[PDB]
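> First, the structure itself, so that you have it in front of you.
What follows is calculated from the coordinates using simple rules that are stated; it is not laboratory data. As a convention, Cβ positions derive from the backbone with ideal geometry for all residues, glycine included, and neighbour counts pool all protein chains shown.
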Amino acid sequence: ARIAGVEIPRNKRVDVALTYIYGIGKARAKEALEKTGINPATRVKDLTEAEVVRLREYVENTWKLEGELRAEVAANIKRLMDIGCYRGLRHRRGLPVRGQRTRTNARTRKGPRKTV
Amino acid sequence: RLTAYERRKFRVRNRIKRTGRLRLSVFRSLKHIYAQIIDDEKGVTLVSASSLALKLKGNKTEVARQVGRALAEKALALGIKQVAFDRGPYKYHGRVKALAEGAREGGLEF
Amino acid sequence: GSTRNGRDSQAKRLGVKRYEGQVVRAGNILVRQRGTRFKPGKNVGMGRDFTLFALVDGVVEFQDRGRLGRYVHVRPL
Amino acid sequence: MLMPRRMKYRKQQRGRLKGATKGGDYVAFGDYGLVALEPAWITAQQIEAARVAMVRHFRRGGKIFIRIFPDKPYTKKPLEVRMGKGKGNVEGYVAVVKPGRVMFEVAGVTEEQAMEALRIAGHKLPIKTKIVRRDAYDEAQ
Amino acid sequence: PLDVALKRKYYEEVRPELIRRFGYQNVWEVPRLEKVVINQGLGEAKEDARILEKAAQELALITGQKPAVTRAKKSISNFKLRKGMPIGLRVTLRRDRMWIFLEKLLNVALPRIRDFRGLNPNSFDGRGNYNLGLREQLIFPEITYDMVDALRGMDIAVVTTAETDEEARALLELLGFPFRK
Amino acid sequence: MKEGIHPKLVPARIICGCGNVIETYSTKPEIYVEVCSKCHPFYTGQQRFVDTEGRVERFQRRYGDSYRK
Amino acid sequence: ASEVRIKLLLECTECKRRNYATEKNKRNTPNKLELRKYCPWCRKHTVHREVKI
Amino acid sequence: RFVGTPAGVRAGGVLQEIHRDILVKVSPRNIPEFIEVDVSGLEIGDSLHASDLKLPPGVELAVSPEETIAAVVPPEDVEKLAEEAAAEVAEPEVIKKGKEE
RNA sequence: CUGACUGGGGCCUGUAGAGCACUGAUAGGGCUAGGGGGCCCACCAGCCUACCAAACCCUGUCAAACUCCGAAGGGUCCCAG
RNA sequence: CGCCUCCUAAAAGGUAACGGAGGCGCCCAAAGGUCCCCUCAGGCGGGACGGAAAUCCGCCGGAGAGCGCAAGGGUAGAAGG
RNA sequence: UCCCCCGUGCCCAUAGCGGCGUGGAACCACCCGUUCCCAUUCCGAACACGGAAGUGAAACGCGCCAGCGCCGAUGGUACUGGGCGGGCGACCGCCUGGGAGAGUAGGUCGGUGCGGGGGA
RNA sequence: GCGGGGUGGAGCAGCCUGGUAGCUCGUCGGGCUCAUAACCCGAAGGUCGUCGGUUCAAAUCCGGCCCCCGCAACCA
Ligand SMILES: NC(=[NH2+])NCCC[C@H](N)C(=O)O
Ligand SMILES: [Mg+2]
Ligand SMILES: [Mg+2]
Ligand SMILES: [Mg+2]
Ligand SMILES: [Mg+2]
Ligand SMILES: [Mg+2]
Ligand SMILES: [Mg+2]
Ligand SMILES: [Mg+2]
Ligand SMILES: [Mg+2]
Ligand SMILES: [Mg+2]
Ligand SMILES: [Mg+2]
Ligand SMILES: [Mg+2]
Ligand SMILES: [Mg+2]
Ligand SMILES: [Mg+2]
Ligand SMILES: [Mg+2]
Ligand SMILES: [Mg+2]
Ligand SMILES: [Mg+2]
Ligand SMILES: [Mg+2]
Ligand SMILES: [Mg+2]
Ligand SMILES: [Mg+2]
Ligand SMILES: [Mg+2]
Ligand SMILES: [Mg+2]
Ligand SMILES: [Mg+2]
Ligand SMILES: [Mg+2]
Ligand SMILES: [Mg+2]
Ligand SMILES: [Mg+2]
Ligand SMILES: [Mg+2]
Ligand SMILES: [Mg+2]
Ligand SMILES: [Mg+2]
Ligand SMILES: [Mg+2]
Ligand SMILES: [Mg+2]
Ligand SMILES: [Mg+2]
Ligand SMILES: [Mg+2]
Ligand SMILES: [Mg+2]
Ligand SMILES: [Mg+2]
Ligand SMILES: [Mg+2]
Ligand SMILES: [Mg+2]
Ligand SMILES: [Mg+2]
Ligand SMILES: [Mg+2]
Ligand SMILES: [Mg+2]
Ligand SMILES: [Mg+2]
Ligand SMILES: [Mg+2]
Ligand SMILES: [Mg+2]
Ligand SMILES: [Mg+2]
Ligand SMILES: [Mg+2]
Ligand SMILES: [Mg+2]
Ligand SMILES: [Mg+2]
Ligand SMILES: [Mg+2]
Ligand SMILES: [Mg+2]
Ligand SMILES: [Mg+2]
Ligand SMILES: [Mg+2]
Ligand SMILES: [Mg+2]
Ligand SMILES: [Mg+2]
Ligand SMILES: [Mg+2]
Ligand SMILES: [Mg+2]
Ligand SMILES: [Mg+2]
Ligand SMILES: [Mg+2]
Ligand SMILES: [Mg+2]
Ligand SMILES: [Mg+2]
Ligand SMILES: [Mg+2]
Ligand SMILES: [Mg+2]
Ligand SMILES: [Mg+2]
Ligand SMILES: [Mg+2]
Ligand SMILES: [Mg+2]
Ligand SMILES: [Mg+2]
Ligand SMILES: [Mg+2]
Ligand SMILES: [Mg+2]
Ligand SMILES: [Mg+2]
Ligand SMILES: [Mg+2]
Ligand SMILES: [Mg+2]
Ligand SMILES: [Mg+2]
Ligand SMILES: [Mg+2]
Ligand SMILES: [Mg+2]
Ligand SMILES: [Mg+2]
Ligand SMILES: [Mg+2]
Ligand SMILES: [Mg+2]
Ligand SMILES: [Mg+2]
Ligand SMILES: [Mg+2]
Ligand SMILES: [Mg+2]
Ligand SMILES: [Mg+2]
Ligand SMILES: [Mg+2]
Ligand SMILES: [Mg+2]
Ligand SMILES: [Mg+2]
Ligand SMILES: [Mg+2]
Ligand SMILES: [Mg+2]
Ligand SMILES: [Mg+2]
Ligand SMILES: [Mg+2]
Ligand SMILES: [Mg+2]
Ligand SMILES: [Mg+2]
Ligand SMILES: [Mg+2]
Ligand SMILES: [Mg+2]
Ligand SMILES: [Mg+2]
Ligand SMILES: [Mg+2]
Ligand SMILES: [Mg+2]
Ligand SMILES: [Mg+2]
Ligand SMILES: [Mg+2]
Ligand SMILES: [Mg+2]
Ligand SMILES: [Mg+2]
Ligand SMILES: [Zn+2]
Ligand SMILES: [Zn+2]
């Protein structure tokens, strides 16, 4: 559980390895490599402990990650669901939120089909 | 509501009285170690010996052996010869064992 | 009409065989019992089925020691 | 109607009906009582029939205390069989009742209302009865 | 006996502060640490793994002490458990090892917990003891990612000579137990 | 203790990611940890880490007060 | 006794005579019994072996 | 003395006087003629306890304050007879002996 | 002279009666997990129950195979007629 | 249809009915001998996966547990582990 | 012979639960260590050894309180050996000898034998 | 009285030997056909008549009760 709570994949390039962390995509990965001055093409199994402790310290302090980010996403939905807004209804019936059709498809929000 | 100590004490003593001999019971405290030979038929102590009453010295093991000999000497003088060793809650080992071996050395029969 | 009952077992003739004040000889059976209703006392042994028998010639005595149970003794003559 | 919900043993030896009541001989709940004057096995059918009589009398109101319960199983061999071939079958339950016991008590009803209800119920019982009211003698028990 | 950080802290900062906050008329009335009993309730080693010695070896690193086995007191159908089956581990840490474990637990382990928002204040015995639970054994420093095959947490029991919860609450926080409320 | 069945405890040095060094005893003399009590946000008073936001919603609009009145 | 709980003899390994009869469970204890028993012939304790009854 | 006429009694209910007196430690010179109790606030089916007993000077309760003392209960009704009669009863099961018990 | 029977003395016993401490039964009330039902909700709980009711407590009871108790008697040994 | 346990059996023992109720026709190489330790069920509270019940901690708990199998007697001052 | 403590029995809850109080000179205990004897299905917790800085906090000993537990009369009664009456019965009475249980009044926060250590 | 059964909607296994509910049909979804039957490819549904008990655990062993099948009910 090195940085930041997740133990990033060794033997892989340091830029992609960061994407395996909740809160970090390729974008925030390209950022933390300049802002800490580390070579994006090197493997994590080849990171200097100096390079490590800097990348770690920066990323945990600049962005909200793992459990906390999951916490606000939950908190954001919890309120939408509680105020009684439409965005909340769709979260309470587990139906598609973003105005898609529900006659067909919508299989990712509902789950596998329940035939009749 | 009894304790492992009480039960252990009881269990080994009942076993001794059953054989009906005079019993050489041994109390062993943190500093001292006493010993009396009792007739449970009459509820009477017959001969006594202790470190506290013999004002004895340093190593508790070596001390015990001495109170053991003390008991035996006073014992045979009274006609007591054979006797049964009540090890109480104490494992026959170290201080207590030494007290016994001393009583034996002194000519006590057990 | 029939019954599933009808069985029973041979009576085992248990109990005290010598009462207090009675003279017994070495080996006389004193109490026949299941478990220890009476417990072996002075000069009294116990057999593998809790049988109380006099160890010496003498006279029987009973004593009830409260929470310790009842005991049977043979007093030497 | 009144019967045990379960029991250790299914059939019971008949026993005897000697002597005055063991207990339950004093008023203890209501205002007025009905007391048995002679011994009997009082059947569950009778108890219930004696109860219904009283509640029917009150129409609405009053409270009925039933101080006897039929826990004794009543046995009877099938019709026209011969002796032997075991014990009979259970056909009902009775409550053993010896002289002096308060069987029924009423409360929360006028005196003449209690006198009549206990009398009527008295007629559904296979024994002689006596109507009684609460005394200090009852209070002292 | 080894002088250790958390132990010395007990006698120097924790000991006095308690006599202040509660006013004891005797030196023994003050709260002491009795024993820390660590239990791995496992039971994942019932039929499947007769081999759970990895967890014993793991607990042996964490506490510098080899655990004993706990076995099933009675057979149970639903847990696929027959009477006498080996389902857990339990090591009793007393004295200097008790301190050393708590010291590393307080300064290193509890922090390394995923989303650690403080120990639960309400997990208090009522009789003045405390119990807490961990979901991973990677929480401890001696355990690298390499030497772990599969995740397994534990129960931690901390016994106190204190009579009441409040006295117990104080002793541990003073020693460095972080609570959420 | 029983001999030969127990891991040997010796003087140890747990090194944290803030550079902190912990004087303790362990089965391994050197250890490197990513966090400790001296730099963990819950421990260090109340380090808001990255979320010093202050909700921010719902009155956090104020975009703006230019509507007519 | 039964089909699985058999009866057996014990033979004094020294003089080869049978001195004891007893039982065992040949599913639980499939190995031939070895036990020290007093042999009246040899007039001393001796290892006795299970032998077919 | 149960002073007052309960509201349950107005609804047809019945006041069951569980304790028609109460056990009390007291001086001989200090014996009350009675003790009043307000039952006027009793509904079907509410109840008072010895705790709710407001005592004269020098008298002390000798029973558990938890001890119930009076209650108001529903009355007999003929309307209950029909549904009470319609209640069919299953046979008395047997507590068994042996390989069943 | 040891006999039936009788006087005294010890010891053994679990019935009559009674009791509810155990095993079960049991009426009512109290208190209170569980359901049922209604206002109320799906967003996870509330709240009220003239409903069925666990454990516990109180009042009142039942039992050959229940007994915290427990006689009158009865059995046996000793001394005596 | 023989054997074991309880009741009937009237407080010694014994006592019948096609009276009320259950069991046996095995088993254990340790479930045996001895020595040395250990003490239950259950209740409340506390503890990752863990649940009414898995394992751990605390307090209360004379025995209601356990003792291979029916029942009774017995039993932690062990006959139980 | 009187007081306190450490042993060991007896009586077998009038001796117990709970509450409060008190004792460390001595004795006991916890206590200080784990080198050595010996020990932990792990743990010097227990058993054990070597000690004597501390404390009577836990334990234990001694007192006090009747909330619970335990003991419990007298009186009456049930029942009954034996002798008699009554009813068709279920059942009911009388004489004589024996006499409960529940409950009531009340009792109880132990008594005592032997041996040691200390005190008067 | 004696023997034998009660398990998806129907009819039968599983029971004797405790842990593991199976086969045909029917049913729902989809194929082929203009459509339909047949046919092909998928899926659902039994807490085992009950109430009790033994056991770690019961469709399974044991007991009570309900229901159905078969045989018997003779000399009189
Ligand atoms: N003293 C006696 N033993 N009396 C016997 C009592 C029973 C007797 N049949 C009666 O009715 O009175
Ligand atoms: Mg990511
Ligand atoms: Mg769209
Ligand atoms: Mg739409
Ligand atoms: Mg004496
Ligand atoms: Mg029939
Ligand atoms: Mg038959
Ligand atoms: Mg016979
Ligand atoms: Mg025989
Ligand atoms: Mg016979
Ligand atoms: Mg018999
Ligand atoms: Mg007898
Ligand atoms: Mg023998
Ligand atoms: Mg005598
Ligand atoms: Mg004698
Ligand atoms: Mg009739
Ligand atoms: Mg009849
Ligand atoms: Mg005929
Ligand atoms: Mg007949
Ligand atoms: Mg009949
Ligand atoms: Mg009838
Ligand atoms: Mg009656
Ligand atoms: Mg009439
Ligand atoms: Mg009464
Ligand atoms: Mg200290
Ligand atoms: Mg708490
Ligand atoms: Mg504590
Ligand atoms: Mg790790
Ligand atoms: Mg003569
Ligand atoms: Mg004669
Ligand atoms: Mg004679
Ligand atoms: Mg005579
Ligand atoms: Mg006599
Ligand atoms: Mg009777
Ligand atoms: Mg009862
Ligand atoms: Mg009562
Ligand atoms: Mg009766
Ligand atoms: Mg009765
Ligand atoms: Mg009987
Ligand atoms: Mg009886
Ligand atoms: Mg008595
Ligand atoms: Mg008594
Ligand atoms: Mg008598
Ligand atoms: Mg006589
Ligand atoms: Mg003569
Ligand atoms: Mg035979
Ligand atoms: Mg008999
Ligand atoms: Mg008899
Ligand atoms: Mg009998
Ligand atoms: Mg008789
Ligand atoms: Mg005879
Ligand atoms: Mg063994
Ligand atoms: Mg055996
Ligand atoms: Mg054995
Ligand atoms: Mg428990
Ligand atoms: Mg729990
Ligand atoms: Mg949980
Ligand atoms: Mg649990
Ligand atoms: Mg038992
Ligand atoms: Mg069986
Ligand atoms: Mg003493
Ligand atoms: Mg006390
Ligand atoms: Mg003090
Ligand atoms: Mg001192
Ligand atoms: Mg001092
Ligand atoms: Mg060493
Ligand atoms: Mg040395
Ligand atoms: Mg060793
Ligand atoms: Mg120590
Ligand atoms: Mg010790
Ligand atoms: Mg103290
Ligand atoms: Mg002690
Ligand atoms: Mg004290
Ligand atoms: Mg007093
Ligand atoms: Mg009394
Ligand atoms: Mg009297
Ligand atoms: Mg008569
Ligand atoms: Mg009479
Ligand atoms: Mg009379
Ligand atoms: Mg008289
Ligand atoms: Mg009395
Ligand atoms: Mg007391
Ligand atoms: Mg004494
Ligand atoms: Mg003296
Ligand atoms: Mg003296
Ligand atoms: Mg038939
Ligand atoms: Mg079917
Ligand atoms: Mg078959
Ligand atoms: Mg099978
Ligand atoms: Mg289709
Ligand atoms: Mg067309
Ligand atoms: Mg088609
Ligand atoms: Mg069943
Ligand atoms: Mg079981
Ligand atoms: Mg079942
Ligand atoms: Mg199954
Ligand atoms: Mg059946
Ligand atoms: Mg013919
Ligand atoms: Zn740090
Ligand atoms: Zn030979």
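> Roughly how many nanometres apart are two label points built 7 Å out from the Cα toward the Cβ at D:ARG56 and C:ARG13?
So the two model labels end up 6.5 nm from each other.
> Another question about this same structure. Anyone know which of A:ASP15, A:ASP46, A:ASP82 comes out most mobile in the 10 Å Cα GNM of chain A?
A:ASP82
> Compute from the Cα atoms of chain C the Rg and the Dmax, the latter being the longest Cα-Cα distance, and quote both in angstrom.
Reported Rg and Dmax, both Å: 16.1, 64.
> Please average, across the residues of H:90-100, the number of beta carbons from any other chain that are within 10 Å of each residue's own beta carbon, and give a whole number. Please list the in-between numbers first.
Working: counts 1, 3, 9, 4, 5, 5, 2, 2, 0, 0, 0.
The shielding value for this peptide is 3.
> What do you get for Rg/Rh of region D:29-137 when both radii come from the Cα atoms and Rh is the Kirkwood radius?
Using only Cα positions, Rg/Rh for region D:29-137 is 1.09.
> Please give the per residue volume of the convex hull enclosing the alpha carbon atoms of region E:61-181, rounded to a whole number of Å³. Provide the component values of the computation, followed by the final result.
Numbers: hull volume 17.8 nm³, N = 121.
For region E:61-181, the hull spanned by Cα atoms encloses 147 Å³ per residue.
> Of the peptides H:29-35, E:49-55, how do they stack up when ordered by the mean number of other Cβ atoms within 10 Å, highest first? Let's see the in-between values first.
On the way: H:29-35: 10.0, E:49-55: 14.7.
Highest mean packing first, the order is E:49-55, H:29-35.
> Can you give the relative contact order of region E:88-181 as a percent, counting alpha carbon pairs under 8 Å and 6+ residues apart? All intermediate terms of the calculation are to be shown ahead of the outcome.
Values: 101 pairs, mean separation 30.4, N = 94.
Contact order relative to length: 32 percent.
> Across the Cα atoms of chain H, what radius of gyration and what greatest pairwise Cα-Cα distance (Dmax) are found, in Å?
For chain H, the Cα-based Rg and Dmax read 21.0, 66 Å.
> Here is a follow-up. Taking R0 as 56 Å, what FRET efficiency do you get between A:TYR86 and H:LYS99 from their Cβ-Cβ distance, rounded to the nearest 0.05?
On the way: r = 65 Å, r/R0 = 1.17.
Efficiency, rounded to the nearest 0.05: 0.30.
> When the expected Rg is taken as 2.2 N^0.38 Å, what fraction or multiple of it is the alpha-carbon Rg of the protein assembly as shown?
Numbers: Rg = 42.9 Å, N = 848, 2.2 N^0.38 = 28.5 Å.
The value comes to 1.50.
> In whole angstrom, and with the biggest value first, how far do the Cα coordinates of chain F range along each principal axis?
Dimensions of chain F along the principal axes of its Cα atoms: 87, 24, 16 Å.
> Could you work out the helix-only [θ] at 222 nm for chain D, with each DSSP H run of four or more residues adding -39,500 (n - 2.57) and the total divided by the number of residues, to the nearest 500 deg cm²/dmol? Show your work: numbers first, answer last.
Values: 3 runs with 32 residues, N = 141.
When only DSSP H runs of four or more count, the value is -7000 deg cm²/dmol.
> For a 26 Å ceiling on Cα separation, which of these pairs sit above it: E:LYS73/G:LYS24; B:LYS9/B:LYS97; B:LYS91/C:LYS39? Mind dumping the intermediate values first?
On the way: E:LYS73/G:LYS24 29 Å; B:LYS9/B:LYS97 16 Å; B:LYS91/C:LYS39 28 Å.
Those over the limit are E:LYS73/G:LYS24; B:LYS91/C:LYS39.
> Distance in nm between label sites at G:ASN31 and E:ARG15, each 7 Å beyond Cα in the beta-carbon direction?
5.9 nm
> Separate question: Can you pull out the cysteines in the protein assembly as shown that have no other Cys Cβ under 4.7 Å?
Lacking a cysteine Cβ partner under 4.7 Å: A:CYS85, G:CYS15.
> Follow-up. Note down the relative contact order for chain A as a percent, whole number, built from C-alpha pairs under 8 angstrom at least six residues apart.
Working: 110 pairs, mean separation 22.7, N = 116.
So the answer I get is 20 percent.
> Could I ask something else about it? Report the dimensions of region E:116-181 along its three principal axes from the alpha-carbon atoms, largest first, rounded to Å.
That works out to 43, 19, 17 Å along the principal axes.
> Now for a separate question. If you line up the long axis of helix D:111-123 against the longest principal axis of chain D, both from Cα atoms, how many degrees apart are they, to the nearest 10?
Result, in degrees: 20.
> Given contacts defined as C-alpha pairs under 8 Å and at least six residues apart, what's the relative contact order of region D:29-137, whole-number percent?
Numbers: 211 pairs, mean separation 54.2, N = 109.
Computed over region D:29-137, the figure is 50 percent.
> Sticking with this structure for a sec: Counting partner chain Cβ atoms within 10 Å of every residue's Cβ in A:55-68, what's the average?
Values: counts 0, 3, 3, 0, 1, 6, 5, 2, 3, 4, 2, 2, 4, 6.
Shielding by partners across A:55-68 averages 3.
> Calculate the length of the line joining the C-alpha centroid of region B:2-39 to that of region C:6-33, in whole Å.
Cα centroid to Cα centroid, the span is 35 Å.
> Between region E:5-75 and chain G, what's the alpha-carbon centroid distance in Å?
53 Å
> What number, rounded to the nearest 500 deg cm²/dmol, is the helix-based mean residue ellipticity at 222 nm of chain H, given -39500 (n - 2.57) per DSSP H run of at least four residues and division by all its residues? Numbers along the way, then the final one.
Values: 2 runs with 11 residues, N = 101.
Value at 222 nm, helices only, nearest 500: -2500 deg cm²/dmol.
> Can you compute the FRET efficiency between B:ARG8 and D:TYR9 using 1/(1 + (r/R0)^6), with r the Cβ-Cβ distance and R0 = 60 Å? Round to the nearest 0.05. Could the numbers behind the result be given before it?
Values: r = 46 Å, r/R0 = 0.76.
About 0.85, to the nearest 0.05.
> Around F:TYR25, under 14 Å between beta carbons, what's the net of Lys plus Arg minus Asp minus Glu among the other residues? If you can, show how the numbers build up before the last one.
Details: positive: E:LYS7, E:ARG8, E:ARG95, E:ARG97, E:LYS104, F:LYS8, F:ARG13, F:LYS28; negative: E:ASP3, E:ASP96, E:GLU103, E:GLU142, F:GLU23, F:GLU30.
With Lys, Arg at +1 and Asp, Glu at -1, the neighbours total +2.
> Calculate the mean, over all residues of peptide A:19-28, of how many other protein chain Cβ atoms lie within 10 angstrom of the residue's Cβ. Mind showing how you got there, number by number?
Numbers: counts 0, 0, 0, 0, 1, 0, 0, 0, 0, 0.
Across A:19-28, the average partner-chain Cβ count within 10 Å equals 0.
> To the nearest 10 degrees, how steep is helix D:44-58 against the longest Cα principal axis of chain D, on a 0 to 90 scale?
20 degrees
> Could I ask something else about it? How large are Rg and Dmax for chain A when calculated on the C-alpha trace, in angstrom?
Looking at chain A, its Cα Rg and Dmax stand at 19.5, 61 Å.
> I would also like to ask the following. Looking at this model, which pairs from E:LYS54/F:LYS28; E:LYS9/E:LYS181; D:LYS8/D:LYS72 are more than 22 angstrom apart at the alpha-carbon? Write out the running numbers ahead of the final one.
On the way: E:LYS54/F:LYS28 17 Å; E:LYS9/E:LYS181 24 Å; D:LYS8/D:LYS72 12 Å.
In this structure, E:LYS9/E:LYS181 lie more than 22 Å apart at Cα.
> What is the sum of charges around D:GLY92, taking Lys and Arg as +1, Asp and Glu as -1, for the other residues whose C-beta is under 11 Å from the C-beta of D:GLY92?
Working: positive: D:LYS72, D:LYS76; negative: D:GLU91.
Every neighbour counted, the sum reads +1.
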